[PDB]
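Okay, so here's just one chain, in structure tokens, the form solved without the RNA.
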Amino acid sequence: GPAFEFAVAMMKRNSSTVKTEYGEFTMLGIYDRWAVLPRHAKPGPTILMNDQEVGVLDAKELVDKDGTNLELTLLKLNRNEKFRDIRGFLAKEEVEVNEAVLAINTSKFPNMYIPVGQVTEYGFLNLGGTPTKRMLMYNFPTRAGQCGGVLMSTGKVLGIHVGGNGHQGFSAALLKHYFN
């Protein structure tokens, strides 16, 4: 209830639809002109953001201290408008909740909200054959079209949807220290 209300407002204010050469994704703006995509969006020097051409000033593919994959790409966007600063809503470590909402904003799943239930700290996963850490797990059969999906609870942005195995979905944890 409060989680759906939080998610609708979060997506209204900070989400957009992005097309890269590698497909269509939900993109979350974090602060200033920094957004996050799943790494496998592989954003070029230019992106479509809500059907408009936008330049990518910088692109950091995130890895932990061992160089392990986190499956997140931070993007600096060449635009005048700035994102509402949502770093306050990002945890310092992986959040587990009994009740989460996954919010999608593409052409395929426009403004849809999925109650995914319990989110558990999964940690390690071989994702696309790349070892990956900091994975949050929910028992939902996620499909193509949901990557970049934003995983939320009341007052919390928990992570970005990056993968599934047909029965479970996995989000990369969106941790505060990524955006210092």
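Residue numbers run from 1 along the displayed sequence.
Quick note: we don't show the form deposited with the RNA bound, though the next part is all about it.
- Name the stretch, out of 46 to 54, 124 to 132, 63 to 71, 147 to 155, where some heavy atom lies within 4.5 Å of the RNA in the deposited bound form. It is the stretch 147 to 155.
- Message: Test of understanding: in the deposited bound form, would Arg33 fall inside 4.5 Å of the RNA by heavy atoms?
- Response: Looking in the deposited bound form, residue contacts with the RNA include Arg33, since a heavy atom lies within 4.5 Å.
- Message: Can you tell me whether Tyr178 touches the RNA? I mean in the deposited bound form, with a 4.5 angstroms heavy atom cut-off.
- Response: No, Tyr178 stays farther than 4.5 Å from the RNA in the deposited bound form.
- Message: Residue-level question: is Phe83 within 4.5 Å of the RNA in the deposited bound form, judged on heavy atoms?
- Response: Flag for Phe83 set to yes.
- Just to confirm, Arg13 within 4.5 Å of the RNA in the deposited bound form by heavy atoms? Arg13: contacts the RNA in the deposited bound form.
- Task: Can you tell me which bits of 1 to 26 touch the RNA in the deposited bound form, meaning any heavy atom within 4.5 Å?
- Result: Heavy-atom contacts to the RNA in the deposited bound form: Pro2, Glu5, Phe6, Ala9, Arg13.
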